[PDB]
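Observations on the three-dimensional arrangement
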Protein chains: 2
Amino acid sequence: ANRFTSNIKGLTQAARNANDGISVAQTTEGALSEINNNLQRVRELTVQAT
Amino acid sequence: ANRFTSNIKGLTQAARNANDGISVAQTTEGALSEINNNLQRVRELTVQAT
């Protein structure tokens, strides 16, 4: 039972740690999406300029 | 989808650029027409003068 309790607490903490990676990836992906929009507008401008 | 959006924006801007060539050709054609009329009158004058 002591080993089982240790495992249960460890796995719960592991899931909590896992959620952090999801948060980081979401924020980073939003930033990259904004960069992508800027790049798209830059490409449109180059097409207009050439 | 990102590639598709880039391509659509590029093609729309390409058509927008294309219209400018039509405008240039129209203006130049008008100028050439006026030059042609003046040349025609010059030819008539030479026929009268010879």
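Rules behind the numbers
- Residues numbered from 1 in each chain as written, not as in the entry; some residues may be left out.
- Chains lettered and ligands numbered in written order.
- Part of a larger assembly, values for the part shown.
- Heavy atoms only, no water.
- Contact = heavy atoms within 4.5 Å.
- Buried area = accessible area lost by both parts, 1.4 Å probe.
- Salt bridge = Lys/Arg side-chain N within 4 Å of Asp/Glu carboxyl O.
- Helix = DSSP H or I, 4+ residues; strand = E, 2+ residues; numbered from the N terminus.
- Buried < 20%, exposed > 50% of the residue type's maximum accessible area, 1.4 Å probe, protein only.
- Expected span 1.5 Å × (residues − 1).
- Patch = residues over 30% accessible without salt bridge, like charges linked within 9 Å, V, L, I, M, F, W, Y side chains within 5 Å.
- Areas by Shrake-Rupley, 256 points an atom, 1.4 Å probe, with all protein chains shown as cover.
- Axes fitted to C-alpha atoms, helices over the stretch in contact; angles between N-to-C directions.
- Parallel < 35°, antiparallel > 145°, perpendicular 65-115°, else oblique.
- Left-handed = near helix turned anticlockwise from the far one by under 90°.
- Nonpolar A, V, L, I, M, F, W, Y, C, P; charged D, E, K, R; others polar.

Notes on the interface of chain A and chain B
Quoted interface sizes are often the accessible area lost when the parts come together. With six residues of chain A at the interface, the matching set in chain B holds eight residues. In total, chain A and chain B occlude about 680 Å² of area from one another, counting both sides; carbon and sulfur atoms represent 48% of this. When the buried area of chain A at its contact with chain B is split by residue, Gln40(A), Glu44(A) and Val47(A) rank highest and sum to 64% of it. Summed over the shared surface of chain A and chain B, the number is one salt bridge.

Concerning the side chain of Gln13(B)
Looking at the secondary structure, you find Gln13(B) in helix α1 (residues 2-49). Given a relative accessible area of 5%, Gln13(B) falls into the buried group. If near-sequence neighbours (up to four positions away) are discounted, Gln13(B) is found in contact with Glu44(A), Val47(A) and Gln48(A).

So, the pattern of salt bridges
A full pass over the atoms with the stated rule returns three salt bridges over all chains. We note a salt bridge from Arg41(A) to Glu44(A), for which the minimum N-O separation is 3.1 Å. On the criterion of helical spacing, the pair formed by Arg41(A) and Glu44(A) is a turn pair, its members being three residues apart in helix α1 (residues 2-49). Here the salt bridges do not stand alone but share partners, grouping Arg41(A), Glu44(A) and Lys9(B) into one network.

As for α1(B)
With 48 residues, α1(B) should reach 70 Å at 1.5 Å per residue; the first-to-last C-alpha distance of 71 Å fits that figure. Residues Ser6(B), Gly10(B) and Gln13(B) constitute the buried set of α1(B). Where α1(B) is buried, its residues meet α1 of chain A.

A closer look at a nonpolar patch on the surface
Taken together, the side chains of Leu32(A), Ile35(A) and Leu39(A) make up a nonpolar region of the molecular surface, amounting to roughly 300 Å² of accessible area. Mapped onto the fold, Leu32(A) is located in helix α1.

Things to note about the packing of α1(A) against α1(B)
Between α1(A) and α1(B), the shortest axis-to-axis distance is 9 Å and the interhelical angle comes to 25°. On the basis of their axis angle, the class for α1(A) and α1(B) is roughly parallel. Judged by the twist between their axes, the crossing of α1(A) over α1(B) is right-handed. Across the interface between the two elements, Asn36(A), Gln40(A), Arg43(A), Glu44(A), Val47(A) and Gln48(A) of α1(A) pack against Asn2(B), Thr5(B), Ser6(B), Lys9(B), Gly10(B), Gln13(B), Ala14(B) and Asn17(B) of α1(B). Class assignment for the residues of the contact of α1(A) with α1(B) results in two nonpolar, nine polar and three charged.

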